[PDB]
file run07.json (JSON, C-alpha atoms)
[["chain", "number", "residue", "atom", "x", "y", "z"],
["A", 84, "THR", "CA", 30.47, -8.86, -7.80],
["A", 85, "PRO", "CA", 30.15, -11.85, -5.45],
["A", 86, "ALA", "CA", 26.82, -13.38, -4.52],
["A", 87, "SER", "CA", 27.56, -12.25, -0.96],
["A", 88, "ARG", "CA", 27.56, -8.73, -2.44],
["A", 89, "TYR", "CA", 25.57, -9.28, -5.66],
["A", 90, "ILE", "CA", 22.11, -10.83, -5.45],
["A", 91, "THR", "CA", 20.14, -12.01, -8.50],
["A", 92, "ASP", "CA", 16.52, -11.66, -7.48],
["A", 93, "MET", "CA", 14.96, -11.64, -10.95],
["A", 94, "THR", "CA", 15.43, -14.99, -12.66],
["A", 95, "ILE", "CA", 15.59, -15.51, -16.43],
["A", 96, "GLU", "CA", 11.77, -15.24, -16.51],
["A", 97, "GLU", "CA", 11.12, -11.98, -14.59],
["A", 98, "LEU", "CA", 12.86, -9.93, -17.29],
["A", 99, "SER", "CA", 10.47, -9.52, -20.24],
["A", 100, "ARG", "CA", 6.86, -9.28, -19.04],
["A", 101, "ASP", "CA", 4.84, -6.76, -21.07],
["A", 102, "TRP", "CA", 1.36, -5.43, -20.33],
["A", 103, "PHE", "CA", -0.91, -2.71, -21.64],
["A", 104, "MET", "CA", -1.90, 0.70, -20.32],
["A", 105, "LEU", "CA", -5.54, 1.60, -19.76],
["A", 106, "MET", "CA", -4.80, 4.89, -17.96],
["A", 107, "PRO", "CA", -1.31, 4.97, -16.42],
["A", 108, "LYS", "CA", -0.13, 7.37, -13.73],
["A", 109, "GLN", "CA", 3.49, 8.48, -13.41],
["A", 110, "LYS", "CA", 5.65, 10.56, -11.07],
["A", 111, "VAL", "CA", 9.33, 10.80, -10.18],
["A", 112, "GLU", "CA", 11.80, 12.80, -8.05],
["A", 113, "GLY", "CA", 15.25, 11.53, -8.93],
["A", 114, "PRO", "CA", 16.60, 8.17, -10.00],
["A", 115, "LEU", "CA", 13.58, 5.87, -9.56],
["A", 116, "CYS", "CA", 10.82, 4.59, -11.83],
["A", 117, "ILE", "CA", 7.15, 4.80, -10.86],
["A", 118, "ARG", "CA", 3.80, 3.84, -12.37],
["A", 119, "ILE", "CA", 0.16, 3.05, -11.66],
["A", 120, "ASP", "CA", -2.44, 2.40, -14.33],
["A", 121, "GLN", "CA", -5.62, 4.16, -13.26],
["A", 122, "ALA", "CA", -8.02, 1.68, -14.79],
["A", 123, "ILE", "CA", -5.66, -1.19, -13.95],
["A", 124, "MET", "CA", -4.79, 0.14, -10.50],
["A", 125, "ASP", "CA", -3.79, -1.90, -7.43],
["A", 126, "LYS", "CA", -2.42, -5.00, -9.14],
["A", 127, "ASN", "CA", 0.45, -7.05, -7.77],
["A", 128, "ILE", "CA", 3.81, -5.77, -9.05],
["A", 129, "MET", "CA", 6.81, -7.99, -8.26],
["A", 130, "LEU", "CA", 9.85, -5.73, -8.70],
["A", 131, "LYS", "CA", 12.87, -8.04, -8.87],
["A", 132, "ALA", "CA", 16.41, -7.16, -9.93],
["A", 133, "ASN", "CA", 19.96, -8.48, -9.87],
["A", 134, "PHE", "CA", 21.49, -6.05, -7.38],
["A", 135, "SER", "CA", 24.84, -5.82, -5.65],
["A", 136, "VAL", "CA", 26.12, -4.89, -2.19],
["A", 137, "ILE", "CA", 29.31, -3.69, -0.53],
["A", 138, "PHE", "CA", 30.04, -3.35, 3.20],
["A", 139, "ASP", "CA", 26.32, -4.01, 3.71],
["A", 140, "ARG", "CA", 25.67, -1.04, 1.41],
["A", 141, "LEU", "CA", 25.33, 0.20, -2.17],
["A", 142, "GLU", "CA", 26.79, -1.32, -5.31],
["A", 143, "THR", "CA", 24.17, -1.26, -8.09],
["A", 144, "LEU", "CA", 20.78, -1.96, -9.72],
["A", 145, "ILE", "CA", 19.34, -3.29, -12.97],
["A", 146, "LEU", "CA", 15.57, -2.98, -13.44],
["A", 147, "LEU", "CA", 12.22, -3.98, -11.94],
["A", 148, "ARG", "CA", 8.93, -5.33, -13.32],
["A", 149, "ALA", "CA", 5.38, -6.27, -12.27],
["A", 150, "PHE", "CA", 4.00, -9.71, -11.39],
["A", 151, "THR", "CA", 1.02, -11.21, -9.54],
["A", 152, "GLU", "CA", -0.16, -14.68, -8.64],
["A", 153, "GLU", "CA", -2.79, -14.31, -11.36],
["A", 154, "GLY", "CA", 0.01, -12.54, -13.23],
["A", 155, "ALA", "CA", -1.59, -9.16, -13.92],
["A", 156, "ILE", "CA", 0.08, -5.73, -13.63],
["A", 157, "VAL", "CA", -1.03, -2.33, -12.37],
["A", 158, "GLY", "CA", 2.06, -0.54, -13.60],
["A", 159, "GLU", "CA", 5.84, -0.51, -13.70],
["A", 160, "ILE", "CA", 8.54, 0.46, -11.20],
["A", 161, "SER", "CA", 12.33, 0.44, -11.36],
["A", 162, "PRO", "CA", 15.47, 2.25, -10.18],
["A", 163, "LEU", "CA", 15.83, 5.08, -12.66],
["A", 164, "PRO", "CA", 19.09, 6.51, -14.02],
["A", 165, "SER", "CA", 19.96, 10.19, -14.15],
["A", 166, "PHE", "CA", 22.89, 12.45, -15.04],
["A", 167, "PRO", "CA", 25.06, 10.83, -12.33],
["A", 168, "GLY", "CA", 23.02, 7.66, -12.82],
["A", 169, "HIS", "CA", 21.09, 6.94, -9.63],
["A", 170, "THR", "CA", 21.77, 9.31, -6.76],
["A", 171, "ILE", "CA", 21.52, 7.44, -3.46],
["A", 172, "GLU", "CA", 20.14, 10.37, -1.44],
["A", 173, "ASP", "CA", 17.91, 11.20, -4.41],
["A", 174, "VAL", "CA", 16.53, 7.69, -4.13],
["A", 175, "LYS", "CA", 15.32, 8.99, -0.77],
["A", 176, "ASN", "CA", 13.07, 11.10, -2.99],
["A", 177, "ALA", "CA", 12.88, 8.96, -6.12],
["A", 178, "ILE", "CA", 11.98, 5.97, -4.01],
["A", 179, "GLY", "CA", 10.52, 8.60, -1.68],
["A", 180, "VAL", "CA", 8.01, 9.79, -4.26],
["A", 181, "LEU", "CA", 7.76, 6.14, -5.37],
["A", 182, "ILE", "CA", 5.90, 5.14, -2.18],
["A", 183, "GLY", "CA", 2.79, 7.34, -2.10],
["A", 184, "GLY", "CA", 1.16, 7.35, -5.54],
["A", 185, "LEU", "CA", -1.86, 5.05, -5.25],
["A", 186, "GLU", "CA", -2.12, 5.59, -1.48],
["A", 187, "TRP", "CA", -4.90, 8.18, -1.92],
["A", 188, "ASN", "CA", -7.42, 5.46, -2.81],
["A", 189, "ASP", "CA", -6.44, 3.34, 0.22],
["A", 190, "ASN", "CA", -4.46, 1.03, -2.07],
["A", 191, "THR", "CA", -0.75, 1.22, -1.28],
["A", 192, "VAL", "CA", 1.91, 1.91, -3.88],
["A", 193, "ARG", "CA", 4.82, -0.13, -5.23],
["A", 194, "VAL", "CA", 8.40, 1.02, -4.82],
["A", 195, "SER", "CA", 11.72, -0.02, -6.34],
["A", 196, "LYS", "CA", 13.78, -2.47, -4.31],
["A", 197, "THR", "CA", 17.32, -1.98, -5.62],
["A", 198, "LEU", "CA", 17.97, 1.62, -4.57],
["A", 199, "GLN", "CA", 15.92, 1.09, -1.38],
["A", 200, "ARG", "CA", 18.35, -0.69, 0.94],
["A", 201, "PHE", "CA", 21.45, 1.27, -0.08],
["A", 202, "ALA", "CA", 20.36, 4.36, -2.04],
["A", 203, "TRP", "CA", 16.94, 5.17, -0.55],
["A", 204, "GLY", "CA", 18.99, 5.08, 2.63],
["A", 205, "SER", "CA", 21.60, 7.87, 2.62],
["B", 1, "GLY", "CA", 2.75, 16.66, 36.18],
["B", 2, "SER", "CA", 6.43, 17.57, 35.99],
["B", 3, "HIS", "CA", 9.11, 16.26, 33.64],
["B", 4, "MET", "CA", 11.68, 18.86, 34.72],
["B", 5, "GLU", "CA", 11.26, 21.28, 37.59],
["B", 6, "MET", "CA", 14.32, 23.55, 37.40],
["B", 7, "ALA", "CA", 15.27, 24.03, 33.73],
["B", 8, "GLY", "CA", 15.68, 27.24, 31.71],
["B", 9, "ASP", "CA", 17.96, 28.80, 29.10],
["B", 10, "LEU", "CA", 19.46, 32.27, 29.47],
["B", 11, "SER", "CA", 19.76, 33.43, 25.88],
["B", 12, "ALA", "CA", 16.91, 31.85, 23.91],
["B", 13, "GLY", "CA", 13.33, 30.97, 24.30],
["B", 14, "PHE", "CA", 12.90, 27.85, 26.40],
["B", 15, "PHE", "CA", 9.22, 26.92, 26.33],
["B", 16, "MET", "CA", 9.12, 27.92, 22.66],
["B", 17, "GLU", "CA", 12.69, 27.83, 21.32],
["B", 18, "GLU", "CA", 13.97, 24.87, 23.31],
["B", 19, "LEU", "CA", 10.38, 23.54, 22.99],
["B", 20, "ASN", "CA", 10.89, 22.96, 19.24],
["B", 21, "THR", "CA", 11.75, 19.26, 19.26],
["B", 22, "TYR", "CA", 8.67, 17.03, 19.48],
["B", 23, "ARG", "CA", 6.45, 19.38, 17.44],
["B", 24, "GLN", "CA", 8.44, 18.64, 14.26],
["B", 25, "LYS", "CA", 6.32, 15.54, 13.57],
["B", 26, "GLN", "CA", 3.53, 16.38, 16.04],
["B", 27, "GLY", "CA", 3.36, 19.48, 13.86],
["B", 28, "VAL", "CA", 2.11, 22.44, 15.91],
["B", 29, "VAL", "CA", 3.22, 26.03, 15.21],
["B", 30, "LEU", "CA", 1.38, 27.24, 18.31],
["B", 31, "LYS", "CA", -0.15, 30.67, 18.01],
["B", 32, "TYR", "CA", 0.39, 30.14, 21.58],
["B", 33, "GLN", "CA", -2.26, 28.92, 24.00],
["B", 34, "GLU", "CA", -1.83, 30.14, 27.55],
["B", 35, "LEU", "CA", -3.42, 28.50, 30.58],
["B", 36, "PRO", "CA", -0.87, 29.64, 33.20],
["B", 37, "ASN", "CA", -1.66, 29.23, 36.92],
["B", 38, "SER", "CA", -5.22, 28.08, 36.30],
["B", 39, "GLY", "CA", -5.76, 26.07, 39.50],
["B", 40, "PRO", "CA", -9.09, 27.03, 41.16],
["B", 41, "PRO", "CA", -8.34, 25.45, 44.58],
["B", 42, "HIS", "CA", -5.28, 27.61, 45.27],
["B", 43, "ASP", "CA", -2.65, 26.32, 42.82],
["B", 44, "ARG", "CA", -0.49, 28.62, 40.68],
["B", 45, "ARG", "CA", 0.89, 26.10, 38.20],
["B", 46, "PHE", "CA", 1.96, 27.36, 34.76],
["B", 47, "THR", "CA", -0.01, 25.40, 32.17],
["B", 48, "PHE", "CA", 1.45, 27.56, 29.47],
["B", 49, "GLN", "CA", -0.45, 25.37, 27.08],
["B", 50, "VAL", "CA", 1.84, 23.60, 24.69],
["B", 51, "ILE", "CA", -0.17, 21.54, 22.23],
["B", 52, "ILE", "CA", 0.00, 17.93, 20.99],
["B", 53, "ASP", "CA", -2.21, 17.96, 17.86],
["B", 54, "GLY", "CA", -3.57, 21.50, 17.38],
["B", 55, "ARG", "CA", -6.05, 22.49, 20.11],
["B", 56, "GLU", "CA", -5.40, 20.06, 22.96],
["B", 57, "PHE", "CA", -4.35, 20.72, 26.56],
["B", 58, "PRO", "CA", -0.95, 19.20, 27.01],
["B", 59, "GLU", "CA", -0.57, 19.83, 30.67],
["B", 60, "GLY", "CA", 1.34, 18.58, 33.66],
["B", 61, "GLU", "CA", 2.29, 21.15, 36.23],
["B", 62, "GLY", "CA", 3.29, 21.75, 39.85],
["B", 63, "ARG", "CA", 4.01, 25.43, 40.65],
["B", 64, "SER", "CA", 4.42, 28.96, 39.29],
["B", 65, "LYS", "CA", 8.14, 28.38, 38.72],
["B", 66, "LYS", "CA", 10.33, 26.01, 36.68],
["B", 67, "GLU", "CA", 8.07, 23.25, 38.08],
["B", 68, "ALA", "CA", 5.10, 23.50, 35.87],
["B", 69, "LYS", "CA", 4.79, 24.01, 32.13],
["B", 70, "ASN", "CA", 7.42, 21.39, 31.19],
["B", 71, "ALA", "CA", 4.99, 18.49, 31.70],
["B", 72, "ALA", "CA", 2.46, 20.35, 29.63],
["B", 73, "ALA", "CA", 3.89, 18.39, 26.67],
["B", 74, "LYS", "CA", 4.00, 15.30, 28.92],
["B", 75, "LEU", "CA", 0.93, 13.92, 27.18],
["B", 76, "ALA", "CA", 2.10, 15.66, 24.03],
["B", 77, "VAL", "CA", 4.68, 12.89, 24.06],
["B", 78, "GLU", "CA", 1.93, 10.31, 24.45],
["B", 79, "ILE", "CA", -1.19, 10.94, 22.36],
["B", 80, "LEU", "CA", 1.01, 10.09, 19.41],
["B", 81, "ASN", "CA", 2.10, 7.01, 21.39],
["B", 82, "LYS", "CA", -1.41, 6.41, 22.65],
["B", 83, "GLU", "CA", -4.15, 6.09, 20.04],
["B", 84, "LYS", "CA", -1.94, 4.17, 17.55],
["B", 85, "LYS", "CA", -4.67, 1.53, 17.97],
["B", 86, "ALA", "CA", -7.08, 1.18, 15.02],
["B", 87, "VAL", "CA", -9.88, 3.60, 14.11],
["B", 88, "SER", "CA", -11.64, 2.06, 11.12],
["B", 89, "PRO", "CA", -14.22, -0.73, 10.97],
["B", 90, "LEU", "CA", -13.49, -3.94, 8.98],
["B", 91, "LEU", "CA", -12.41, -1.59, 6.19],
["B", 92, "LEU", "CA", -12.01, 2.13, 5.81],
["B", 93, "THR", "CA", -15.43, 3.73, 5.47],
["B", 94, "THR", "CA", -13.57, 5.79, 2.85],
["B", 95, "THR", "CA", -15.26, 5.98, -0.57],
["B", 96, "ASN", "CA", -12.08, 4.43, -2.02],
["B", 97, "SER", "CA", -11.74, 1.30, 0.15],
["B", 98, "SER", "CA", -9.55, -1.34, -1.38],
["B", 99, "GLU", "CA", -9.19, -1.59, -5.12],
["B", 100, "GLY", "CA", -7.64, -4.72, -6.59],
["B", 101, "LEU", "CA", -8.94, -5.47, -10.09],
["B", 102, "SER", "CA", -11.17, -8.52, -9.44],
["B", 103, "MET", "CA", -10.63, -11.77, -11.30],
["B", 104, "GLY", "CA", -11.22, -11.92, -15.04],
["B", 105, "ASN", "CA", -10.94, -15.69, -15.25],
["B", 106, "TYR", "CA", -14.13, -17.74, -15.05],
["B", 107, "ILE", "CA", -13.37, -21.40, -14.31],
["B", 108, "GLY", "CA", -10.86, -20.31, -11.68],
["B", 109, "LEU", "CA", -13.22, -19.40, -8.86],
["B", 110, "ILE", "CA", -16.04, -21.46, -10.36],
["B", 111, "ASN", "CA", -15.14, -24.38, -8.12],
["B", 112, "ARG", "CA", -15.05, -21.94, -5.24],
["B", 113, "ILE", "CA", -18.49, -20.70, -6.28],
["B", 114, "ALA", "CA", -19.37, -24.32, -6.94],
["B", 115, "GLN", "CA", -19.74, -24.16, -3.13],
["B", 116, "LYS", "CA", -23.47, -23.87, -3.94],
["B", 117, "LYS", "CA", -23.29, -27.63, -3.44],
["B", 118, "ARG", "CA", -19.56, -28.32, -4.14],
["B", 119, "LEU", "CA", -20.31, -29.33, -7.70],
["B", 120, "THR", "CA", -18.62, -31.49, -10.23],
["B", 121, "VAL", "CA", -17.21, -28.89, -12.61],
["B", 122, "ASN", "CA", -15.88, -30.53, -15.76],
["B", 123, "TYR", "CA", -15.11, -29.52, -19.34],
["B", 124, "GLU", "CA", -14.23, -31.47, -22.49],
["B", 125, "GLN", "CA", -14.49, -31.06, -26.26],
["B", 126, "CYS", "CA", -14.01, -32.85, -29.58],
["B", 127, "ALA", "CA", -12.75, -29.88, -31.60],
["B", 128, "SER", "CA", -13.37, -30.75, -35.24],
["B", 129, "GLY", "CA", -11.04, -29.57, -37.95],
["B", 130, "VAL", "CA", -12.90, -31.38, -40.72],
["B", 131, "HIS", "CA", -13.77, -28.23, -42.57],
["B", 132, "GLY", "CA", -11.88, -26.57, -39.71],
["B", 133, "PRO", "CA", -14.67, -24.82, -37.80],
["B", 134, "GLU", "CA", -17.19, -27.48, -38.90],
["B", 135, "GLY", "CA", -19.16, -27.20, -35.67],
["B", 136, "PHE", "CA", -18.50, -26.83, -31.92],
["B", 137, "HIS", "CA", -21.63, -27.11, -29.77],
["B", 138, "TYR", "CA", -20.42, -27.05, -26.18],
["B", 139, "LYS", "CA", -21.82, -29.21, -23.37],
["B", 140, "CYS", "CA", -20.58, -28.81, -19.80],
["B", 141, "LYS", "CA", -21.99, -27.65, -16.50],
["B", 142, "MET", "CA", -22.07, -25.68, -13.39],
["B", 143, "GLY", "CA", -25.24, -25.86, -11.35],
["B", 144, "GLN", "CA", -27.41, -28.92, -11.81],
["B", 145, "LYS", "CA", -30.43, -27.88, -13.95],
["B", 146, "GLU", "CA", -29.05, -25.42, -16.53],
["B", 147, "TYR", "CA", -26.51, -27.64, -18.25],
["B", 148, "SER", "CA", -23.97, -25.04, -19.28],
["B", 149, "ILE", "CA", -23.79, -25.06, -23.05],
["B", 150, "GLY", "CA", -22.19, -23.10, -25.86],
["B", 151, "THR", "CA", -22.07, -23.09, -29.62],
["B", 152, "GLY", "CA", -19.69, -21.63, -32.14],
["B", 153, "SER", "CA", -17.60, -21.83, -35.30],
["B", 154, "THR", "CA", -13.90, -21.73, -34.36],
["B", 155, "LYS", "CA", -12.42, -23.29, -31.27],
["B", 156, "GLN", "CA", -10.92, -20.56, -29.08],
["B", 157, "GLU", "CA", -13.65, -18.11, -30.04],
["B", 158, "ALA", "CA", -16.14, -20.58, -28.50],
["B", 159, "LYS", "CA", -14.02, -22.62, -26.04],
["B", 160, "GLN", "CA", -15.58, -21.04, -22.95],
["B", 161, "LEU", "CA", -19.22, -20.29, -23.69],
["B", 162, "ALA", "CA", -20.53, -23.37, -21.92],
["B", 163, "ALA", "CA", -17.77, -23.09, -19.30],
["B", 164, "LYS", "CA", -18.45, -19.36, -19.23],
["B", 165, "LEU", "CA", -22.10, -20.26, -18.85],
["B", 166, "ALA", "CA", -20.93, -22.79, -16.28],
["B", 167, "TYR", "CA", -19.10, -20.22, -14.17],
["B", 168, "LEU", "CA", -22.09, -17.91, -14.72],
["B", 169, "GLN", "CA", -24.62, -20.62, -13.81],
["B", 170, "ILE", "CA", -24.91, -21.20, -10.08],
["B", 171, "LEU", "CA", -25.30, -17.59, -8.97],
["B", 172, "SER", "CA", -28.51, -17.67, -11.03],
["B", 173, "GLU", "CA", -29.29, -21.32, -10.25],
["B", 174, "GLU", "CA", -32.01, -21.86, -7.69],
["B", 175, "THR", "CA", -30.54, -25.38, -7.43],
["B", 176, "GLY", "CA", -28.82, -26.68, -4.31],
["B", 177, "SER", "CA", -31.95, -28.35, -2.89],
["B", 178, "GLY", "CA", -32.49, -30.79, -5.81],
["B", 179, "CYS", "CA", -34.92, -29.16, -8.27]]
call {"tool": "encode", "arguments": {"input": "run07.json", "output": "structure tokens"}}
result
Amino acid sequence: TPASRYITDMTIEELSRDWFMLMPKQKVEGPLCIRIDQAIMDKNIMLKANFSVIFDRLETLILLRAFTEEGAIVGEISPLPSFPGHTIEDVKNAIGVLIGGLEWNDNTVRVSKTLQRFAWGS
Amino acid sequence: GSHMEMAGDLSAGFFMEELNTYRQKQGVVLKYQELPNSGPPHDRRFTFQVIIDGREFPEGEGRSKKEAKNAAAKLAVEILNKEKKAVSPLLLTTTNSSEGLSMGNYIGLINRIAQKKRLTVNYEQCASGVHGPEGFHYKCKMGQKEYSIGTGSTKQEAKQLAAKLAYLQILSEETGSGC
């Protein structure tokens, strides 16, 4: 799990931020996590994780959270596990569905970053 | 006008079956539109109208043979390429133009909104603990005539009210000219 093939985005502070749900909104198709709060909608979510790579491709994921400059949160996003864990090609859908939630109200959605580069592809 | 001029399958459609490619994303299941050999000044060019977006006249044509209908979808390559330029004004005129959950803090953008005259915005207290809440009358400012002021019992329950009243001063203050 070298740093050349394992990257620690989230520091020791991005791990345990909690916030509270006015009216959340959830959806999922496969191994990704999705959320928008509908009263607290369109806040900055900073989804960082300690991921890994191999051959410029998939090794793993941990979790993702929400952060702004002010520090608020609209919801939560992460690479979800499943029966096989996190299917790469299903991340095409799980991250796939994870891209278009809030987009109806002209405010773009947040997506998970781990399964993007190596699961959401292939 | 003409992309190909000689093509043609011999067991398939061609201008519908071999014509399947670009209309995957351009998205047109043509209940087909036919403008073949429409030239008024003596031109029989097959504009067997393939479509770019759902009604349009993709068209480029040269003769009533393999020449013509191919460059029908000539511009049905393009109007997706063309027109990628903007459509909206400064924002979408949509009834849902950007959300974003505007700031809940007060003294944050107060100094911004102190742009009324670029004010001295300042806050201080002497928080008694004698009896513990013994008395906290607050004295600060935004604006320059309504000295932002608060009053309360316990500290954090009353820490802002002047500074709240500060941040909520200038937008009501007629000041900025001196009186």
call {"tool": "atom_distance", "arguments": {"input": "run07.json", "atom1": "CA of residue 147 (chain A)", "atom2": "CA of residue 188 (chain A)"}}
result
23.6 Å
call {"tool": "interface_residues", "arguments": {"input": "run07.json", "of": "chain B", "to": "chain A", "cutoff": "12 Å", "atoms": "all atoms listed in the file", "output": "VMD selection string"}}
result
chain B and resid 91 to 105 108 to 109
call {"tool": "write_last_selection", "arguments": {"input": "run07.json", "atoms": "C-alpha atoms", "output": "tab-separated table (two decimals), in the frame of the given file"}}
result
chain	number	residue	atom	x	y	z
B	91	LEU	CA	-12.41	-1.59	6.19
B	92	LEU	CA	-12.01	2.13	5.81
B	93	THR	CA	-15.43	3.73	5.47
B	94	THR	CA	-13.57	5.79	2.85
B	95	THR	CA	-15.26	5.98	-0.57
B	96	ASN	CA	-12.08	4.43	-2.02
B	97	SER	CA	-11.74	1.30	0.15
B	98	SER	CA	-9.55	-1.34	-1.38
B	99	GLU	CA	-9.19	-1.59	-5.12
B	100	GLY	CA	-7.64	-4.72	-6.59
B	101	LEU	CA	-8.94	-5.47	-10.09
B	102	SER	CA	-11.17	-8.52	-9.44
B	103	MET	CA	-10.63	-11.77	-11.30
B	104	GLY	CA	-11.22	-11.92	-15.04
B	105	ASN	CA	-10.94	-15.69	-15.25
B	108	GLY	CA	-10.86	-20.31	-11.68
B	109	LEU	CA	-13.22	-19.40	-8.86
call {"tool": "residues_around", "arguments": {"input": "run07.json", "residues": "residue 112 (chain A)", "least_positions_apart": "4", "cutoff": "10 Å", "atoms": "all atoms listed in the file", "output": "list in words"}}
result
residues 116, 117, 163, 173, 174, 175, 176, 177, 178, 179, 180 and 181 of chain A
call {"tool": "write_last_selection", "arguments": {"input": "run07.json", "atoms": "C-alpha atoms", "output": "compact mmCIF listing (two decimals), keeping the file's coordinate frame"}}
result
# COMPACT_ATOMS: atom_id res chain seq x y z
CA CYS A 116 10.82 4.59 -11.83
CA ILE A 117 7.15 4.80 -10.86
CA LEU A 163 15.83 5.08 -12.66
CA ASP A 173 17.91 11.20 -4.41
CA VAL A 174 16.53 7.69 -4.13
CA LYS A 175 15.32 8.99 -0.77
CA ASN A 176 13.07 11.10 -2.99
CA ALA A 177 12.88 8.96 -6.12
CA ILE A 178 11.98 5.97 -4.01
CA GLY A 179 10.52 8.60 -1.68
CA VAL A 180 8.01 9.79 -4.26
CA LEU A 181 7.76 6.14 -5.37
call {"tool": "atom_distance", "arguments": {"input": "run07.json", "atom1": "CA of residue 132 (chain A)", "atom2": "CA of residue 199 (chain A)"}}
result
11.9 Å
call {"tool": "residues_near_point", "arguments": {"input": "run07.json", "point": "(28.0, 2.7, -1.0)", "cutoff": "12 Å", "atoms": "only C-alpha atoms", "output": "PDB file with C-alpha atoms, in the coordinates of the input"}}
result
ATOM      1  CA  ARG A  88      27.560  -8.730  -2.440  1.00  0.00           C
ATOM      2  CA  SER A 135      24.840  -5.820  -5.650  1.00  0.00           C
ATOM      3  CA  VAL A 136      26.120  -4.890  -2.190  1.00  0.00           C
ATOM      4  CA  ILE A 137      29.310  -3.690  -0.530  1.00  0.00           C
ATOM      5  CA  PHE A 138      30.040  -3.350   3.200  1.00  0.00           C
ATOM      6  CA  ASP A 139      26.320  -4.010   3.710  1.00  0.00           C
ATOM      7  CA  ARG A 140      25.670  -1.040   1.410  1.00  0.00           C
ATOM      8  CA  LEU A 141      25.330   0.200  -2.170  1.00  0.00           C
ATOM      9  CA  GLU A 142      26.790  -1.320  -5.310  1.00  0.00           C
ATOM     10  CA  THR A 143      24.170  -1.260  -8.090  1.00  0.00           C
ATOM     11  CA  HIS A 169      21.090   6.940  -9.630  1.00  0.00           C
ATOM     12  CA  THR A 170      21.770   9.310  -6.760  1.00  0.00           C
ATOM     13  CA  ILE A 171      21.520   7.440  -3.460  1.00  0.00           C
ATOM     14  CA  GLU A 172      20.140  10.370  -1.440  1.00  0.00           C
ATOM     15  CA  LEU A 198      17.970   1.620  -4.570  1.00  0.00           C
ATOM     16  CA  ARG A 200      18.350  -0.690   0.940  1.00  0.00           C
ATOM     17  CA  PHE A 201      21.450   1.270  -0.080  1.00  0.00           C
ATOM     18  CA  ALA A 202      20.360   4.360  -2.040  1.00  0.00           C
ATOM     19  CA  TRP A 203      16.940   5.170  -0.550  1.00  0.00           C
ATOM     20  CA  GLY A 204      18.990   5.080   2.630  1.00  0.00           C
ATOM     21  CA  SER A 205      21.600   7.870   2.620  1.00  0.00           C
TER      22      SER A 205
END
call {"tool": "residues_around", "arguments": {"input": "run07.json", "residues": "residue 7 (chain B)", "least_positions_apart": "6", "cutoff": "9 Å", "atoms": "all atoms listed in the file", "output": "list in words"}}
result
residues 14, 66, 67 and 70 of chain B
call {"tool": "residues_around", "arguments": {"input": "run07.json", "residues": "residue 101 (chain A)", "least_positions_apart": "4", "cutoff": "12 Å", "atoms": "all atoms listed in the file", "output": "PyMOL selection string"}}
result
chain A and resi 96-97+148-150+154-159
call {"tool": "residues_around", "arguments": {"input": "run07.json", "residues": "region 115-123 of chain B", "least_positions_apart": "6", "cutoff": "8 Å", "atoms": "all atoms listed in the file", "output": "number ranges by chain"}}
result
B: 139-143, 163, 170, 176
call {"tool": "atom_distance", "arguments": {"input": "run07.json", "atom1": "CA of residue 88 (chain B)", "atom2": "CA of residue 121 (chain A)"}}
result
25.2 Å
call {"tool": "closest_residue", "arguments": {"input": "run07.json", "among": "B:130, B:136, B:145, B:157", "to": "residue 174 (chain B)", "atoms": "only C-alpha atoms"}}
result
B:145
call {"tool": "closest_residue", "arguments": {"input": "run07.json", "among": "A:130, A:194, A:114, A:152", "to": "residue 164 (chain A)", "atoms": "all atoms listed in the file"}}
result
A:114
call {"tool": "residues_around", "arguments": {"input": "run07.json", "residues": "residue 33 (chain B)", "least_positions_apart": "4", "cutoff": "7 Å", "atoms": "all atoms listed in the file", "output": "list in words"}}
result
residues 48, 49 and 50 of chain B
